[PDB]
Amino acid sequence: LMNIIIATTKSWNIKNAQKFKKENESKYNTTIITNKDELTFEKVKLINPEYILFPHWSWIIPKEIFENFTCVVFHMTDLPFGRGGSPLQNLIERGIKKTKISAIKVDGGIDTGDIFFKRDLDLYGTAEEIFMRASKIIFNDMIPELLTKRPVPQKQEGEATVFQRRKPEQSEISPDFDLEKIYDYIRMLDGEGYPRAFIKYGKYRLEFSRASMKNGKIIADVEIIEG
């Protein structure tokens, strides 16, 4: 009976959205949107959603959409701490091992929107493992609660911190990093669509993944890529 949109990218989120749509046929008419071009005001208005849910979304959400429909982003910081881009890498760089996922109402500012509620999230493992862990919390706990209780979101309070979006060049590992920081860099960039941690060796790029810590060393996969 309630019309919703789930707009998301990444294979695990799409899978989880398809599963959610099938399991809740009786309660929700769920439209899944996975491409920038499918999320336009003219297309969305025809769907008439009560909520537009963004488990992971890569592009800027148009103003004509967030001003006319309740848009819910799931941002993996304890807001107003950590407003802004590449939150996973920004958290792991800071040595943080636990965060919160904040469900917020999009308002056009950088993660400044009213907060519906939060859930805990552990940050051990690869990016892919952490994003799948988050996705499971979002789909199994947060989305059902939001659609069922329909809570009124509350203004953010307290001092804010702002994260910056990381560029592909910032995947480069420095020789001055300690071993645990190297491990963090490799794991935090090891996931679908992310630029792997790397070093340069002459014209070569060495890209690392699947890191595992042993006594005095990291074992990983490497691609030695010719320029």
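Residues carry their position along the shown sequence, with the first being 1.
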Divide the modelled residues of the chain into thirds by Cα B-factor and specify which third, lowest, middle or highest, holds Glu50.
-> lowest
Chain-relative CA temperature factor third for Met2 = highest
Chain third (lowest, middle, highest) by recorded CA B-factor, residue given as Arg150 | highest
By the record's CA B-factor, is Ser11 among the lowest, middle or highest third of residues in the chain?
-> middle
Based on the entry's values, in what third of the chain does the Cα temperature factor of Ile110 lie: lowest, middle or highest?
-> highest
